[PDB]
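Each protein sequence line maps, in turn, to chains A, B, C, D and E.
Oh and the first sequence: position 168 is 168 in the working numbering, straight run, nothing missing.
Oh and the second sequence: position 400 is 400 in the working numbering, straight run, nothing missing.
Oh and the third sequence: position 26 is 26 in the working numbering, straight run, nothing missing.
Oh and the fourth sequence: position 334 is 334 in the working numbering, straight run, nothing missing.
Oh and the fifth sequence: position 35 is 35 in the working numbering, straight run, nothing missing.
Where is the CB? At the ideal position from N, CA and C, for every residue including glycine.
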Amino acid sequence: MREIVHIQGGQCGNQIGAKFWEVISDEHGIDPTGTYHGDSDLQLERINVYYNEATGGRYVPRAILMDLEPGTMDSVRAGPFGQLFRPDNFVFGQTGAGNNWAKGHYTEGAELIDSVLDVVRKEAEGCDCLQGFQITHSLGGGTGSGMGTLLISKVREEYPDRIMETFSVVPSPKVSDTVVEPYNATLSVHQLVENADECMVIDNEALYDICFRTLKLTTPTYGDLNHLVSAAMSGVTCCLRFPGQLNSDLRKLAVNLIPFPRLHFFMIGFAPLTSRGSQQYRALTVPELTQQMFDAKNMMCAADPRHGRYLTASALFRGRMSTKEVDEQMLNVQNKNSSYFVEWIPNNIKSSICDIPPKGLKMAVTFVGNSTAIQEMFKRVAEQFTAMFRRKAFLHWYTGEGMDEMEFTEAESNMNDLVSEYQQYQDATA
Amino acid sequence: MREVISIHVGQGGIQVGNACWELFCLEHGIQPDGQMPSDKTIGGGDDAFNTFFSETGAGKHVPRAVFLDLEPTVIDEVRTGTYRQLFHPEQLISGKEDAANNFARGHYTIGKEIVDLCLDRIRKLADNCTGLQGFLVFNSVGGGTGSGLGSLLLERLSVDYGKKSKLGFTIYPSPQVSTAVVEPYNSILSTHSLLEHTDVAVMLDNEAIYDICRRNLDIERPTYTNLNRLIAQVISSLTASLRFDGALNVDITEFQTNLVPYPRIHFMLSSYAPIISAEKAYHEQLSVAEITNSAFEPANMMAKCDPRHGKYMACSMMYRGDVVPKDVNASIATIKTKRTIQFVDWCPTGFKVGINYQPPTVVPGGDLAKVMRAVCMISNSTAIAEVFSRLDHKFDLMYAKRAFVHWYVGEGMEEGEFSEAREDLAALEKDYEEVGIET
Amino acid sequence: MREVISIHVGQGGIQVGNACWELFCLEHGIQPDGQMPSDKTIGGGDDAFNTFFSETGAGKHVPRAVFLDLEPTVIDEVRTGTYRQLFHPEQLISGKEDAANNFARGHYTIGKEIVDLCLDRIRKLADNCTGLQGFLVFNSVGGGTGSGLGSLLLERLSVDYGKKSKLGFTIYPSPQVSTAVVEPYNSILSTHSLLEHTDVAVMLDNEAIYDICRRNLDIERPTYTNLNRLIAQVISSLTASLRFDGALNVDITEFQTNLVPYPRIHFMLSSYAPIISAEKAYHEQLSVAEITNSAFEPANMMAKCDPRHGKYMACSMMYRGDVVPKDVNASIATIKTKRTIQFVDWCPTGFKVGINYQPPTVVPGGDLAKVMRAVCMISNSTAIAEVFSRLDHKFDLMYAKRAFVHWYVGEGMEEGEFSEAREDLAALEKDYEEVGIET
Amino acid sequence: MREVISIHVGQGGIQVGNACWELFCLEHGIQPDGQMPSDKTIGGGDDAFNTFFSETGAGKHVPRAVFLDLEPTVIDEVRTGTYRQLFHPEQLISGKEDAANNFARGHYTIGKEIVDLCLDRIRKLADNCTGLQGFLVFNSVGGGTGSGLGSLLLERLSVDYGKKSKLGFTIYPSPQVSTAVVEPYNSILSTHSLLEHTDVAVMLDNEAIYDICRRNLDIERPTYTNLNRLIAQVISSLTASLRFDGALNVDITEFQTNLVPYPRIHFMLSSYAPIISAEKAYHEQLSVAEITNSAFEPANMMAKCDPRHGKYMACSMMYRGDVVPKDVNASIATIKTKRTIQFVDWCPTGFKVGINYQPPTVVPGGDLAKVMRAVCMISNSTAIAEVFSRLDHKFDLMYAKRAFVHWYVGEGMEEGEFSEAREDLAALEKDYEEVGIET
Amino acid sequence: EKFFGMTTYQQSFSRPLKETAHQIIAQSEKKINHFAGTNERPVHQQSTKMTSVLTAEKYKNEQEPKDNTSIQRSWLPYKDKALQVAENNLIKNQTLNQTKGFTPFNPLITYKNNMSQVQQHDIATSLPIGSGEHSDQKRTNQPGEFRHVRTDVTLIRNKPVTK
Ligand SMILES: Nc1nc2c(ncn2[C@@H]2O[C@H](COP(=O)(O)OP(=O)(O)OP(=O)(O)O)[C@@H](O)[C@H]2O)c(=O)[nH]1
Ligand SMILES: Nc1nc2c(ncn2[C@@H]2O[C@H](COP(=O)(O)OP(=O)(O)OP(=O)(O)O)[C@@H](O)[C@H]2O)c(=O)[nH]1
Ligand SMILES: Nc1nc2c(ncn2[C@@H]2O[C@H](COP(=O)(O)OP(=O)(O)OP(=O)(O)O)[C@@H](O)[C@H]2O)c(=O)[nH]1
Ligand SMILES: Nc1nc2c(ncn2[C@@H]2O[C@H](COP(=O)(O)OP(=O)(O)O)[C@@H](O)[C@H]2O)c(=O)[nH]1
Ligand SMILES: [Mg+2]
Ligand SMILES: [Mg+2]
Ligand SMILES: [Mg+2]
């Protein structure tokens with residue numbers, strides 16, 4: 001039923017998936033014990049997209065929990081809604097990656113990836129008609145950034161026709177979390193451009209700024225950020241799970257947003273985001289949703305979208321409305337912001353409609369965009385990598401696992417090639 | 001004895017089919033469950049329904065239509081909807097994986113395992129039919145499965161049956177307002193396919209219907225359902241001549257012999273009138289002269305085309321209700337006396353009129369009011385080349401740098417197709433601009 | 001006063017017999033216990049059931065059939081099922097050891113001590129009836145006891161009764177779907193025995209019916225019960241002419257005289273139409289034209305063979321319901337006009353059609369719907385040699401290395417039997433080849 | 001009394017000659033030992049084999065072929081193959097040292113010690129001939145010894161015989177992929193040599209027929225054997241007119257008098273239809289319109305050249321089977337009607353059609369299926385300039401840095417010889433450019 | 001936190017929202033003797049839905065004169081036998097329908113076949129073959145209705161021993 005599987009590795013991916021699954025269970029009316037307690041029939045005809053079925057009338061998510069240390073999974077199961085994931089989907093190393101890309105990708109990752117690949121293969125073969133894969137990970141860690149991308153490479157080698165969609169959280173230069181961040185970041189993103197059909201970037205700076213300035217929460221935790229990420233996650237596959245006037249699946253998004261095979265990096269956003277103070281004092285309508293979803297400060301990335309130009313964009317309206325306002329607003333915003341949209345391609349805005357809004361809301365908008373402003377991230381990362389690498393700092397830890405500087409050099413050159421070919425479209429005129 | 005076979009392919013095709021079959025069910029008085037509520041007996045000497053419905057023998061009737069789509073969403077929705085007892089279950093052909101807005105997916109990779117079943121069902125449907133008149137096909141062009149599968153079916157029926165007439169109520173994209181970005185590609189490809197396979201094509205873009213609803217019904221929040229109802233009304237008004245009385249009965253054959261001077265020029269844009277809500281209806285005149293004059297005004301065109309920028313070649317006007325031929329020809333003469341509509345020199349007579357005696361039916365919960373007179377007009381004009389020119393512009397500006405080409409190439413599509421499609425579109429526009437010259 | 005005798009040998013044979021006797025018990029209104037429940041039943045000349053049942057002198061009725069099997073489980077299941085009071089206690093002959101898929105076991109060692117009792121039962125049942133039409137036998141080829149007992153009983157009957165007609169509805173192994181691993185051997189042996197001892201042989205391959213059930217009834221997991229019910233329907237449609245009056249009736253002697261041109265060739269394959277589910281029965285027309293066109297579709301063959309690869313020589317079609325000879329003749333004319341189906345040169349007319357008034361009966365709790373028009377079709381065609389060629393390939397691939405042959409030589413039969421049976425099959429394929437050549 | 005002499009030079013020539021002679025002997029009923037078995041029906045049809053063979057007076061036959069090569073492995077394989085019994089053991093001329101893909105070695109150093117014996121054998125074969133039509137030569141242009149010996153043989157025969165007809169089936173390298181690295185040099189030099197020394201040349205690059213066998217035969221690991229099989233099938237289809245009766249006969253003479261507008265323009269490119277996989281149960285029938293449509297389909301062209309980019313001069317095309325001239329004429333009318341096939345300005349008629357009654361023979365164990373109709377098309381069109389342009393660009397890139405030039409200077413070939421080939425190829429490209437322009 | 005869930009198709013057309021427990025039980029008995037299949041339309045019954053009683057026109061009669069026809073056809077030198085004939089056909093058709101009972105939502109349905117002058121039987125210019133043996137046939141579909149009867153002529157027991 002054009003169903004998809006989930007894979008999550010590293011502690012960031014584990015937390016994101018933990019929140020995402022309870023959001024989906026809330027949307028589908030699934031209790032922590034795995035028994036359906038919904039109200040309307042509309043929650044069961046597409047339940048097989050995300051949940052497999054088991055004896056006793058219960059449902060189980062088709063997600064793989066992968067990591068090189070058991071603490072994260074010990075915490076995620078000990079938390080609420082831990083009963084959903086089957087015990088067999090847990091796979092773990094015992095030494096940890098040490099935030100070292102080589103350890104997580106070559107020494108321990110290579111020897112342990114057999115079991116996770118086996119469970120992935122059996123899960124994929126169990127389903128009727130696979131639609132694709134979705135991945136959640138961090139590029140700045142060891143276990144995620146290494147073994148997740150290794151598994152990406154293997155599954156791309158094994159399943160060439162299916163599509164892959166990745167949610168990667170990348171370092172913002174302001175929040176410094178690890179001193180070896182650029183190394184494993186580039187060694188990961190070097191293999192994404194050849195394998196990942198869709199990559200969507202997420203930033204902790206962006207999440208912090210949004211949660212403080214729009215939501216106005218004085219003491220945010222990781223929970224609300226995870227909730228924002230989960231909402232933006234669930235908005236994407238809405239048309240694939242619920243009826244609507246203009247359905248659009250992941251392959252439609254890919255084909256209709258990718259101009260060229262090496263420009264598959266996106267920035268995402270969600271609407272409506274409002275503070276808890278004025279939840280009832282504003283009107284929720286298509287004009288306001290459209291006005292908010294194009295604001296630069298609502299975007300889930302540190303890059304400023306008004307420093308570049310949009311190539312393609314997509315909006316997935318949810319709820320009951322009329323197409324007139326939708327298309328008219330898209331046309332008007334394209335007309336008024338002609339400077340921010342590249343000119344040699346006309347009508348670069350995607351409109352999709354699903355007829356089921358989120359629980360407790362009326363109309364929601366998920367926005368995904370490809371623009372020439374995302375390369376500021378890559379320029380910063382490349383500059384930082386060059387500054388650290390020019391004297392071979394921290395290099396011996398990597399090289400002691402059989403590593404050589406030629407692959408580092410070619411990955412850095414690949415970054416330069418990507419940024420060059422991605423910025424040369426900014427001034428390209430027919 | 002006389003029948004027409006209906007094909008609804010693509011999401012837009014299915015969503016138009018829903019409304020048109022609702023309209024037909026209401027018009028013939030058949031219940032949604034499919035049972036005729038008795039009280040139509042007494043030797044019942046009229047098969048007013050064989051054009052669209054065929055009896056099962058005792059009670060219910062089934063339509064002579066087939067539904068095709070690759071995504072099971074809308075098909076399963078119809079299967080679970082209020083019309084679950086009406087349509088034949090396995091003539092609801094449902095695919096498995098969406099064409100993903102790509103022409104190649106629907107024309108070269110996934111369409112083969114569906115077209116065989118579709119042709120088999122069309123054969124089985126036609127076998128029971130004894131007096132088939134032709135095919136009607138409803139599809140959207142700016143969609144992958146729509147364009148590709150519609151093209152493949154048109155090609156297959158073109159060799160399976162041949163001379164049998166087929167009419168296409170295609171939905172081309174609007175000039176500025178549209179949904180996708182890749183629609184020029186598959187639109188050019190689909191017009192390539194249908195040019196040498198469709199006898200008559202009708203323009204049905206969306207923004208014109210939007211503006212019509214805004215101006216006349218005064219509804220500022222329209223949805224696809226209203227447009228579907230308008231298109232359904234057009235179809236019923238056109239086809240009612242086969243199943244109702246008239247002073248001048250017109251068959252579908254009076255299209256490919258009266259509205260198409262040349263084999264290549266068979267694209268027309270339609271119009272419908274009157275369009276009045278229930279509030280302003282009782283305060284108006286709604287005379288034949290007024291409804292005829294309002295039909296020819298540019299803003300009532302179903303398509304975004306300005307007729308004053310081109311000439312007229314052939315107009316077919318069907319009236320239904322209590323209309324009088326004296327008034328009809330009086331209005332026609334007044335139109336001819338009026339200047340701003342000019343015909344081509346080599347066509348001195350250019351009107352074909354049909355009269356039907358059944359007044360239009362009104363749908364509950366609908367927007368239109370109950371009226372005693374209505375007219376449907378189909379026009380062939382040389383100004384239609386504007387939409388083709390603008391579509392060619394939108395094509396080649398972004399084709400110049402080869403965007404999105406890999407998506408088609410890697411699926412199995414040869415790159416050379418775009419060039420020859422550009423070529424025959426250029427040839428067609430050349431023919432249109434050549435015809436418009438004076439003799 | 002006309003009766004037929006039914007033989008069920010093998011586990012599959014007993015399972016088929018259970019369903020066919022359930023259908024027969026229902027269609028004459030016989031209660032499962034065996035007695036007439038209406039109590040309005042009259043005497044005189046209402047003894048239509050005599051073709052299958054016999055009056056027992058006190059109350060009930062006993063079927064005219066015998067059950068043979070060497071493995072006691074299925075016979076015990078019948079003796080403990082819902083039909084305990086129906087069958088005669090000493091009419092279900094049971095063995096003690098199963099043949100364990102070995103032909104020699106059932107043809108040389110064990111079957112000799114059961115064949116005598118079976119023959120005694122046949123004789124004592126036979127002198128009861130006075131208008132013996134013939135014998136029908138059911139057996140699965142790919143089973144040891146089934147094949148061995150079938151062969152031995154056929155040889156014994158051919159010399160004990162002589163000219164009495166024999167029809168064998170045999171279950172050959174499928175070309176790719178099979179349970180055992182040694183079925184080609186005993187299939188060869190059974191074919192050698194059966195070639196010169198049976199008057200009509202009917203293919204009953206399994207995967208063909210599997211595909212038909214999956215395609216039509218929309219059942220994803222049919223079991224043997226559905227198979228047996230369809231077989232029962234086919235047999236009832238075949239036999240209804242002997243116990244129900246009609247415009248054009250046929251007899252058992254009327255099929256071989258019009259279906260086998262030569263004594264050597266007597267193998268043919270069947271079809272039944274229509275196969276429609278309850279929900280499907282509404283939204284369809286169900287006319288003689290479409291049912292007879294469906295009956296000739298290659299997917300509707302009861303055996304996995306494609307007639308398009310061969311020629312036709314004879315076919316018998318029996319209609320039951322409210323059909324009319326003019327309509328069936330028009331359908332025949334359309335078939336003859338059709339070019340996809342072609343006949344052999346020396347058979348200008350190859351149709352033997354019978355018409356019966358009794359519509360088919362429906363078993364409660366079944367899958368198939370009911371309509372008042374049904375057709376059963378028995379065609380002999382040249383293409384049937386394909387399955388023999390496939391089974392020959394299977395036999396060769398394992399006889400090259402003499403696999404499993406020790407468990408054939410160890411029960412007394414010499415290794416020279418394989419070569420003889422192979423040569424006989426090769427000659428049969430030869431004959432089926434030259435029979436189809438043009439003069 | 002009509003015959004043709006065959007020359008096979010180079011390795012690819014050897015493996016293609018093996019295939020074509022296998023096909024010829026199989027078609028004419030000659031066993032590999034060369035002894036025609038008298039047990040076959042009748043025998044000795046007129047003198048059908050006279051075109052390719054010569055009777056020994058009592059016993060076997062001798063093909064009119066000669067094999068030339070400087071590397072003994074292929075000749076030894078032929079002599080040790082099953083065709084050891086057939087060929088004359090002195091006409092398989094084998095050298096000692098290969099040219100190692102060096103044109104200078106094969107044209108100036110070693111080939112002079114073998115060309116004398118080669119021409120002596122040619123004279124000996126020609127003395128037997130009495131009504132000789134011409135010579136066929138097979139060679140891969142990307143091989144040093146093959147190119148050099150083919151050239152030398154050509155300018156020798158040009159003065160030895162004069163106006164005698166010569167047809168060369170050159171194996172040109174693929175546009176972008178190849179196995180050689182210095183093949184531009186030898187290809188350009190050999191083209192320079194043979195531009196004024198051959199009557200007909202045929203383009204047979206490998207990757208196009210790779211695509212053909214991939215798309216049509218549905219084979220994903222075909223080898224050079226299948227490729228040679230297709231080439232041999234094309235050769236037999238072309239040459240069947242000399243040895244078998246037909247409605248319209250066309251000999252070797254009626255090719256260069258039909259396909260050659262000017263003496264320099266004698267390069268043609270081929271296609272063949274239909275190509276059907278053998279591993280299919282049902283083959284349907286096909287017909288003339290379908291086969292000609294497939295033959296003129298640009299992607300089915302045996303050379304990697306798109307005719308859509310250029311204009312057509314000549315099209316000579318042969319049917320074999322049970323074709324009807326009315327069907328041929330209708331197909332030609334439809335092709336001329338089609339817009340994508342456009343002719344040059346000065347060629348109102350550009351079609352030659354030949355008809356032969358014998359269906360193509362099918363080789364047992366082959367990949368092709370048996371079909372009762374086939375067509376082989378040979379075209380001369382302006383689009384062939386692109387391969388020369390690409391080879392010119394590649395050779396310019398090669399010669400920019402004077403790479404590999406010393407290992408051609410070192411065998412006595414003058415340094416500036418490449419410049420003359422440059423200028424002549426440029427002149428040929430200019431001629432192609434100027435021919436296509438209209439007046 | 002409410003889920004809503006009334007899609008556009010449902011809100012536009014309907015949602016069934018049915019299946020009472022006894023509803024299906026009551027619906028069941030309809031299929032006890034309802035039998036899938038059909039006869040054929042007997043020809044000359046197929047026609048367009050005739051509306052006017054008068055040819056090439058509306059027969060519209062109404063108080064206002066501009067649309068009463070009979071008032072508008074009165075310029076002839078004589079009374080046009082057509083208008084009043086249609087009046088008679090309508091009134092006679094109403095009375096005839098009264099005898100049987102049809103109330104077919106309008107008089108126009110049965111007026112198609114209330115006008116035929118064809119007698120039930122033949123009028124002595126063709127063989128009295130009747131309207132067809134199949135016409136006088138009635139069909140039930142209970143099992144065992146078409147069994148043989150073995151009348152006295154074929155009802156023999158004793159098989160006489162000698163000749
Ligand atoms: N007027 C009108 N147009 C519609 C409607 N539904 C779809 N369309 C048109 O369809 C176009 C896009 O194609 P879709 O119908 O959404 O999808 P498709 O034709 O099935 O092709 P795929 O997307 O590949 O499945 C839009 O541009 C609309 O103009 C409708 O209900 N009314
Ligand atoms: N169509 C059909 N085939 C059956 C059925 N039961 C058994 N068979 C066939 O019988 C074959 C095996 O032989 P069985 O009938 O099980 O047993 P047997 O023929 O008595 O021989 P033994 O195994 O020695 O007892 C299987 O391959 C089945 O194809 C049935 O109910 N329907
Ligand atoms: N069509 C076809 N071409 C072949 C085959 N084998 C070799 N070739 C072509 O032959 C060219 C090179 O020549 P060779 O086959 O090596 O033999 P040669 O022409 O005598 O040259 P040398 O290798 O020096 O002996 C390559 O570019 C191939 O394209 C074959 O089996 N079929
Ligand atoms: N949004 C979010 N980010 C997280 C969470 N946990 C960790 N991160 C981010 O992950 C980054 C560190 O990744 P790391 O744990 O080293 O990756 P790993 O070693 O592969 O598991 C930090 O910069 C955090 O911002 C979480 O629960 N939510
Ligand atoms: Mg769609
Ligand atoms: Mg058994
Ligand atoms: Mg060589």
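Query raised in the report: On the three-pair Cβ rule with 8 Å, is the region 105–112 of chain D touching the region 44–63 of chain D?
Result: The way I'd put it, the region 105–112 of chain D doesn't touch the region 44–63 of chain D; fewer than three beta-carbon pairs between them come closer than 8 Å.
Query raised in the report: So is the beta-carbon of residue 98/D under 8 Å away from any non-hydrogen atom of ligand 3?
Result: yes
Requested in this report: Note down, in chain order, each residue of its chain lying with its Cβ closer than 8 Å to the Cβ of residue 304/C, except the 5 sequence neighbours on either side.
Outcome: 174, 175, 205, 207, 208, 387
Query raised in the report: In or out: residue 138/B buried (at least 16 other Cβ within 10 Å) or exposed?
Result: It counts as buried.
Query raised in the report: Which residues does DSSP pair with residue 310/A in a beta bridge?
Result: 341/A, 371/A
Requested in this report: For residue 224/B, go through chain A and note every residue whose CB falls closer than 8 Å to its CB, in chain order.
Outcome: 245, 323
Query raised in the report: Do you know how far the Cα of residue 304/A is from the Cα of residue 428/A?
Result: Distance between the alpha carbons of residue 428/A and residue 304/A: 20 Å.
Report task. Give a yes or no on contact between the region 84–100 of chain B and the region 308–315 of chain C, applying the rule of three or more CB pairs nearer than 8 Å. Result -> Not touching, per the Cβ criterion.
Query raised in the report: My guess is that residue 353/C and residue 248/C are in contact by the Cβ rule of under 8 Å, so how many angstroms apart are they, rounded?
Result: That belief holds up - the Cβ atoms of residue 353/C and residue 248/C are roughly 7 Å apart, short of 8 Å.
Report task. Put residue 170/C into one of helix, strand or coil per three-state DSSP. Result -> strand
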